[PDB]
Amino acid sequence: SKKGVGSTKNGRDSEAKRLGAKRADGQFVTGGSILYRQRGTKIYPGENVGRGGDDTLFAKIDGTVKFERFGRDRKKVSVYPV
Amino acid sequence: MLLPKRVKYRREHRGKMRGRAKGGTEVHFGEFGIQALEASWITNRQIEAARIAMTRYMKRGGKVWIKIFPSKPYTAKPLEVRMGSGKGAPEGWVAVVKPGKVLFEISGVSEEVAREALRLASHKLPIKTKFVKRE
Amino acid sequence: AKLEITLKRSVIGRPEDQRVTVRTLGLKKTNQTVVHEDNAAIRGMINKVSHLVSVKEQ
RNA sequence: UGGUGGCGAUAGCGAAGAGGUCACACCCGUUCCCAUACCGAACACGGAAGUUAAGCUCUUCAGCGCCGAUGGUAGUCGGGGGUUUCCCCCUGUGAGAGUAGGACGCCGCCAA
RNA sequence: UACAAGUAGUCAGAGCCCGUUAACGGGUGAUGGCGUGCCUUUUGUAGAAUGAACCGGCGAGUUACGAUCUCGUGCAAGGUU
RNA sequence: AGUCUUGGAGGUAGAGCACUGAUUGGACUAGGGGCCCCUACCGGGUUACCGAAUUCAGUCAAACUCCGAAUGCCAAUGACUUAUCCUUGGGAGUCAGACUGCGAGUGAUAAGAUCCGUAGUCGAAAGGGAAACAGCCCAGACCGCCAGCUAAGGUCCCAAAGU
RNA sequence: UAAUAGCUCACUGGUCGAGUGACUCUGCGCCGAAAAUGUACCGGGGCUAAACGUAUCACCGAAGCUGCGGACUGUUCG
RNA sequence: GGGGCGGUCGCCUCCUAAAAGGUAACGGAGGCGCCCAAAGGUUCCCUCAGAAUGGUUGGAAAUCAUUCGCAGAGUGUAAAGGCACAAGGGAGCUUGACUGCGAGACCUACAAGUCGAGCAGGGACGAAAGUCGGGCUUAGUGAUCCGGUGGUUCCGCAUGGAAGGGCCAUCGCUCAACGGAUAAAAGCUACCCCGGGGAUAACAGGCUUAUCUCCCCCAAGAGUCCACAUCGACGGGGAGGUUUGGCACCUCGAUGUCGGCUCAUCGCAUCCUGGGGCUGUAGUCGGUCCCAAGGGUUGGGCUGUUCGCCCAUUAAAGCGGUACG
């Protein structure tokens, strides 16, 4: 014999988006290349690097990325041309 | 029957218990306490029965302490069902006793009656225990 | 200067990184002696392999 | 001494004490630009009666806040055991709330 | 070959019999060690999953027309009916 | 590709209370009981009788984190070793996996259970060990030899080696 | 039975006169321990070492490695 | 986690997630099928929530004033991230919620999705530098075919036109089973059939032991006093695999399923018979516990019934295992 149970009403979750570092420290990069995919301002951009529509960090010039500390707690990302 | 009067989510994982106790290792408030020396779960029925076996024998001796609250719920599926199709309903409250934790602290009571009384309360628990006194 | 490498415990059954490291020292099969020069790279090889292979000096 | 900068507040918050001829700032009064969803404290307006009181600058201090490795541990890579919902041994590696103390500012650039 | 249990083999092996496409030969083998058929399907078969009583015969990827790729040929900015 | 050096991102184990919840006692009282009387309690005096708010001390947390490794990940440069990497084209089979470790779920921290990540073996791997045994341990079969050395395991005998 | 009894424990005196009494940690061991065709939870025989723990050295032990030979496949040239 | 029934089917956020990314379950929590002519864009200027104290209508908070006050408050809306040099609030102006693009870059089987400096034309705001290709970021949404609408320097079957068809812009799907079979769709079969599966259920075997059956530990108490003659709370530990279960491991190219008859056989956790201990055991009788499996362990009424209840005997009318023999 059996007993009937159901109604979990929990089984859904969205398709998870790729977020994170897509270039490493010291990488040569190209003009227009993304460096970090964040969601909200985790890292403020520095020189030669912009901020996208959905807070994306993109390299304006081809160069070498460097990650640095900004202030007490925050990070900064920058591009140095070679 | 130590009820947490409100709880954030009603179903957590059972978790795993590794290593020694985080805090409350030694006697702090009373003079003599009871310490557990291996890991297991502990539930409110046990804690209440232990406090009865302690305090009712102890009568007018002094006062007692508990430094364990069975905050974490544990669930169970209803009896005689096929497993699966959603987590079961919660039905009880449990606490973790990592080895090294002190269970109960006694106060205002001479050493030997507290000794035999903690020994009596030990059999209510499902764990191997050790007497520890204050330094 | 040159320290030799003698594989003792067989590579099979052991996980992938140990397998690949044992391959990179040219240890094709069990119980050969492989002569290599000494520097920090080969030393890194032997302490994170360390039990399938015995090391000794000339 | 004023202006403007870089350095993670080791830069602070506190508690006290000094300064102003110059500079800075409180002050004076809105008349004409301009303003107060109501107003010359605020925006600007154009002066200089007295005022270090505050702002500001220097002097002191570990109360708070901050920084902080040493040896200990917890954890953990890899091996190796065991009575194995979990413990133990070894090569490494190295927790943070803990103190030894550090600190109540460091370097410019232009106008005295 | 009548004190021995055995996917029935294999390999050691004494004894006995015979003598060959002559070669470190042939038959039988007391005794010892090891050893649960074949195929299909399965994560996994000695399987108590399936199929086969045996023997012999028959019995399953070809051709046509196109396409594509490789190879090899004849010509080559031409090739070809 | 491996390794050494070096640069990073990342909040797990740990740890911790700074936030969010939970939670224990000490102190204290706002305020709810407490009866009396004046009586609309106007208030006094009211038991530690309860009891918000602070402080002292203490305990937990997957959806708590002022912190935070080991590893793994992505790179750069040089050094050594190794040689396997990319592009295109032809031709496939595979979409039922299992077990053993470790890290999780669900389960009753039950299952030779199910479902994930990671490592190995079987799958598709015979040989030696564990009596027999796929997944446990050691180890890879091109053949032959009446050769030696050995790994796991073992050395009274069955049954080889130390009564 | 209620003191009323050889009597007995608290406690002290003399007898001979040496070990005597509490706790903690830890190794190993015992009871707890009852199933169904038969010993049946060392593979048997059996074992008080032929068990366990520590240290050392022998030896066995595979189709692993090496030795001898044969065949085949790749790379440098027979 | 056999089907049916229940629930769900797409998208977004967190945890599960093992400090890169990714990662399942009928795992744990919420939201979405919009809204905003400003809740945009620029320029310029500020700054919270809460508390304390005064003040009347007026307070527990309506509106003022002071002080403290890193962020507790907001950030259109779910959560997460981030935000006080604003991304929070206020004011003026305006439509960049523009066209043609786009070096490159992420992600990905494909289809898709996402960012993007900079260039051209023409703007808006500001004096300028400079900003602006909607919202603070992540949801607020669907293929193709077919048809409608607007523009076309496109083609239009002898020619010239038209009918029509292209190209561009655009509208029509809770096509929500949301990568959508058709424009257009419900049930029964114990009259049933075929191809397959132990990939998948019923019986039985197996693993587990929740449940069940026994054995216990501590002991509050009951027991006229006394826990421990007998029973034993609240709690804990086990063993067994006869119940009900969970898992799907052999069997669907067949392993016959309840009960009864005939026949037994085994275990002991013993119903009688044997030997003992304690007793709240005077003796006749008992209660419990231990050793003991040699043997025995009844006929009927009722129901298919095992099981029960009843009648009458007996020393006793045992419990279980052997594919519920």
# chains A, B, ... in the order shown; residues from 1 in each chain; ligands from 1
>>> select_by_dssp(residues="region 6-134 of chain B", states="alpha helix (DSSP H)", output="JSON, numbers by chain")
{"B": [44, 45, 46, 47, 48, 49, 50, 51, 52, 53, 54, 55, 56, 57, 58, 111, 112, 113, 114, 115, 116, 117, 118, 119, 120, 121, 122]}
>>> closest_atom_pairs(of="chain D", to="chain B", cutoff="10 Å", atoms="only C-alpha atoms (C1' of nucleotides)", output="tab-separated table")
residue	atom	partner	partner_atom	distance
D:74	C1'	B:19	CA	8.8
D:85	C1'	B:16	CA	8.2
D:86	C1'	B:18	CA	7.9
D:87	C1'	B:19	CA	8.9
>>> write_last_selection(atoms="C-alpha atoms (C1' of nucleotides)", output="PDB file, in the first residue's frame")
ATOM      1  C1'   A D  74      42.196  24.875  14.632  1.00  0.00           C
ATOM      2  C1'   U D  85      27.836   9.066  10.974  1.00  0.00           C
ATOM      3  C1'   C D  86      34.639   9.499  13.189  1.00  0.00           C
ATOM      4  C1'   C D  87      39.508   9.781  15.165  1.00  0.00           C
TER       5        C D  87
END
>>> residues_around(residues="residue 33 (chain E)", least_positions_apart="4", cutoff="12 Å", atoms="only C-alpha atoms (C1' of nucleotides)", output="ChimeraX atom specification")
/E:10-13 /F:159
>>> residues_around(residues="region 107-111 of chain D", least_positions_apart="3", cutoff="8 Å", atoms="only C-alpha atoms (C1' of nucleotides)", output="PDB file with N, CA and C atoms (P, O5', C5', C4', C3', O3' and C1' of nucleotides), in the first residue's frame")
ATOM      1  P     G D   2      47.777  78.312   8.347  1.00  0.00           P
ATOM      2  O5'   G D   2      47.282  79.266   7.172  1.00  0.00           O
ATOM      3  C5'   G D   2      46.264  78.831   6.283  1.00  0.00           C
ATOM      4  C4'   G D   2      46.332  79.531   4.949  1.00  0.00           C
ATOM      5  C3'   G D   2      46.028  78.658   3.744  1.00  0.00           C
ATOM      6  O3'   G D   2      44.644  78.493   3.521  1.00  0.00           O
ATOM      7  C1'   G D   2      47.980  79.915   3.331  1.00  0.00           C
ATOM      8  P     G D   3      44.088  77.073   3.030  1.00  0.00           P
ATOM      9  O5'   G D   3      44.513  77.010   1.502  1.00  0.00           O
ATOM     10  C5'   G D   3      43.898  77.864   0.557  1.00  0.00           C
ATOM     11  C4'   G D   3      44.424  77.612  -0.826  1.00  0.00           C
ATOM     12  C3'   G D   3      44.338  76.171  -1.291  1.00  0.00           C
ATOM     13  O3'   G D   3      43.081  75.869  -1.861  1.00  0.00           O
ATOM     14  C1'   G D   3      46.520  76.986  -1.653  1.00  0.00           C
ATOM     15  P     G D   5      42.750  69.304  -5.131  1.00  0.00           P
ATOM     16  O5'   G D   5      43.941  68.318  -5.506  1.00  0.00           O
ATOM     17  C5'   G D   5      44.316  67.264  -4.634  1.00  0.00           C
ATOM     18  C4'   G D   5      45.693  66.751  -4.958  1.00  0.00           C
ATOM     19  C3'   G D   5      46.030  65.376  -4.416  1.00  0.00           C
ATOM     20  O3'   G D   5      45.518  64.339  -5.230  1.00  0.00           O
ATOM     21  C1'   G D   5      47.821  66.857  -3.990  1.00  0.00           C
TER      22        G D   5
END
>>> closest_atom_pairs(of="chain H", to="chain A", cutoff="10 Å", atoms="only C-alpha atoms (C1' of nucleotides)", output="CSV")
residue,atom,partner,partner_atom,distance
H:5,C1',A:4,CA,8.4
H:6,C1',A:6,CA,6.0
H:7,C1',A:7,CA,5.0
H:8,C1',A:11,CA,8.2
H:11,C1',A:14,CA,7.4
H:12,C1',A:14,CA,6.2
H:13,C1',A:14,CA,7.8
H:14,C1',A:13,CA,9.4
H:20,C1',A:20,CA,7.7
H:21,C1',A:18,CA,6.7
H:22,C1',A:18,CA,8.6
H:25,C1',A:11,CA,9.2
H:26,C1',A:8,CA,6.8
H:27,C1',A:11,CA,7.7
H:28,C1',A:10,CA,7.3
H:29,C1',A:10,CA,7.6
H:30,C1',A:10,CA,9.6
H:80,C1',A:39,CA,9.3
H:81,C1',A:40,CA,5.0
H:82,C1',A:40,CA,4.6
H:83,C1',A:41,CA,8.5
H:87,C1',A:40,CA,9.9
H:103,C1',A:31,CA,7.0
H:104,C1',A:32,CA,4.9
H:105,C1',A:33,CA,4.3
H:106,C1',A:34,CA,7.0
H:107,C1',A:18,CA,7.6
H:114,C1',A:54,CA,9.1
H:115,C1',A:52,CA,6.3
H:116,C1',A:32,CA,5.9
H:117,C1',A:60,CA,5.1
H:118,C1',A:60,CA,9.3
H:136,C1',A:40,CA,8.2
H:137,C1',A:54,CA,5.3
H:138,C1',A:39,CA,7.1
H:139,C1',A:14,CA,9.6
H:244,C1',A:1,CA,9.9
H:245,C1',A:1,CA,9.5
>>> select_by_dssp(residues="chain A", states="strand (DSSP E)", output="list in words")
residues 20, 21, 34, 35, 36, 37, 43, 44, 45, 57, 58, 64, 65, 66, 67, 68, 69, 70, 74, 75, 76, 77, 78, 79 and 80 of chain A
>>> write_last_selection(atoms="N, CA and C atoms", output="CSV table (one decimal), in the first residue's frame")
chain,number,residue,atom,x,y,z
A,20,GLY,N,32.7,36.7,-13.2
A,20,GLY,CA,34.0,36.6,-12.6
A,20,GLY,C,35.1,37.1,-13.5
A,21,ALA,N,36.3,36.8,-13.1
A,21,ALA,CA,37.5,37.2,-13.8
A,21,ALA,C,37.7,36.4,-15.1
A,34,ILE,N,36.7,42.6,-22.3
A,34,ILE,CA,36.2,42.6,-20.9
A,34,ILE,C,37.3,42.0,-20.0
A,35,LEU,N,37.3,42.4,-18.7
A,35,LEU,CA,38.3,41.9,-17.8
A,35,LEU,C,37.6,41.2,-16.6
A,36,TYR,N,36.5,41.8,-16.1
A,36,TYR,CA,35.8,41.2,-14.9
A,36,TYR,C,34.3,41.3,-15.2
A,37,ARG,N,33.6,40.3,-15.0
A,37,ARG,CA,32.1,40.3,-15.1
A,37,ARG,C,31.5,40.3,-13.7
A,43,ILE,N,34.3,46.0,-8.2
A,43,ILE,CA,35.6,46.7,-8.4
A,43,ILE,C,35.4,48.0,-9.2
A,44,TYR,N,35.8,49.1,-8.7
A,44,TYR,CA,35.7,50.3,-9.5
A,44,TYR,C,36.9,50.3,-10.5
A,45,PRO,N,36.6,50.7,-11.7
A,45,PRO,CA,37.6,50.8,-12.8
A,45,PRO,C,38.5,52.0,-12.5
A,57,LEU,N,33.3,45.7,-16.8
A,57,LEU,CA,34.6,46.4,-16.9
A,57,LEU,C,35.2,46.0,-18.2
A,58,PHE,N,35.5,47.0,-19.0
A,58,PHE,CA,36.0,46.7,-20.4
A,58,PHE,C,37.3,47.5,-20.6
A,64,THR,N,48.3,45.8,-20.8
A,64,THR,CA,48.4,44.8,-19.7
A,64,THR,C,47.6,45.2,-18.5
A,65,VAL,N,46.7,44.4,-18.1
A,65,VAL,CA,45.8,44.6,-16.9
A,65,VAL,C,46.7,44.4,-15.7
A,66,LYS,N,46.4,45.3,-14.7
A,66,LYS,CA,46.9,45.1,-13.3
A,66,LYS,C,45.7,45.3,-12.4
A,67,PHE,N,45.6,44.4,-11.4
A,67,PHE,CA,44.7,44.5,-10.3
A,67,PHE,C,45.4,45.2,-9.1
A,68,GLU,N,44.7,46.2,-8.5
A,68,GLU,CA,45.3,46.8,-7.3
A,68,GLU,C,44.2,47.1,-6.3
A,69,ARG,N,44.7,47.4,-5.1
A,69,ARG,CA,43.8,47.8,-4.0
A,69,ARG,C,43.5,49.3,-4.1
A,70,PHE,N,42.2,49.6,-3.8
A,70,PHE,CA,41.7,50.9,-3.9
A,70,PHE,C,41.1,51.3,-2.5
A,74,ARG,N,38.5,48.3,-0.9
A,74,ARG,CA,38.1,48.0,-2.3
A,74,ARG,C,39.3,47.7,-3.2
A,75,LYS,N,39.0,47.1,-4.4
A,75,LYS,CA,39.9,46.8,-5.4
A,75,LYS,C,39.8,47.8,-6.5
A,76,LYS,N,40.8,47.9,-7.4
A,76,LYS,CA,40.7,48.7,-8.6
A,76,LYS,C,41.4,47.9,-9.7
A,77,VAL,N,41.0,48.1,-10.9
A,77,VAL,CA,41.5,47.4,-12.1
A,77,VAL,C,42.0,48.5,-13.0
A,78,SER,N,43.1,48.3,-13.6
A,78,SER,CA,43.7,49.3,-14.6
A,78,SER,C,44.4,48.6,-15.7
A,79,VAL,N,44.6,49.3,-16.8
A,79,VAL,CA,45.3,48.8,-17.9
A,79,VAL,C,46.6,49.7,-18.1
A,80,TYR,N,47.7,49.1,-18.2
A,80,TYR,CA,48.9,49.8,-18.5
A,80,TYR,C,49.4,49.4,-19.9
>>> interface_residues(of="chain F", to="chain A", cutoff="9 Å", atoms="only C-alpha atoms (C1' of nucleotides)", output="count of residues only")
7
>>> atom_distance(atom1="CA of residue 83 (chain B)", atom2="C1' of residue 106 (chain F)")
8.1 Å
